[PDB]
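Going by PDB author numbering, the sequence shown opens with residue -1, and the numbers climb by one from there. The beta carbon of each residue, even a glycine, is placed where N, CA and C say it ideally should be. The structure under discussion appears below in the form of structure tokens.
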Amino acid sequence: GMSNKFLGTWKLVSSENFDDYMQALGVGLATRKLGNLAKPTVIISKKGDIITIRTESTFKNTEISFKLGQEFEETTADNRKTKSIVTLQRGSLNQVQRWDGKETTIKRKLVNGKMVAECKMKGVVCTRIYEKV
Ligand SMILES: CCCCCCCCCCCCCCCC(=O)O
């Protein structure tokens, strides 16, 4: 199952190409300016076989709870209503979001004790690095 090393609280320390990624999602300018300044905390928790990823920041809070391999309805930070799914691949915690015929991926993997989120949309790639805190 998900590695227990994911469990805990994570703080963003680096974000690369997040603006171009938000644009690819269709997020407008005012929202992107605040999104580019956000340094969110991400809390990953587990109750039985339901995993919860909770994102907290001054600008926006989000939370998804899910079971691996089971589609679920998601409301994203930019208020997209998506059909999403989280699965594992070589220990990486990979999320797909589908809506209005579009599709974006958020792959969260542990690299030397840090959590690295790789976000992809229409060939645009964003990388966000978190420290465990
Ligand atoms: C982080 C504040 C949200 C700002 C709202 C603008 C649109 C962003 C929507 C998608 C956010 C992607 C973040 C997931 C990757 C991560 O956990 O670092």
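Over the uninterrupted beta strand (DSSP E) stretch that includes residue i, give me the two end residues.
i      : result
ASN92  : 90 to 97
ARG106 : 100 to 109
Pull up the distance between the alpha-carbon of residue i and that of residue j, whole angstroms please.
i      : j      : result
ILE49  : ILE41  : 10 angstroms
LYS37  : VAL11  : 7 angstroms
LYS120 : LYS112 : 26 angstroms
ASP98  : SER43  : 30 angstroms
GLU54  : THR74  : 13 angstroms
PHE64  : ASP47  : 8 angstroms
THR39  : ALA115 : 13 angstroms
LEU27  : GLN21  : 8 angstroms
Consider the C-beta atom of residue i and the heavy atoms of ligand 1; say whether any pair is separated by less than 7 angstroms.
i      : result
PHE57  : yes
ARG88  : no
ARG126 : yes
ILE41  : no
Measure how close the beta-carbons of residue i and residue j come, nearest whole angstrom, since I'm counting them as under 8 angstroms.
i     : j     : result
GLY33 : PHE57 : 7 angstroms
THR85 : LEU66 : 6 angstroms
Would you mind reading off the limits of the alpha helix (DSSP H) that contains residue i?
i     : result
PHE16 : 16 to 23
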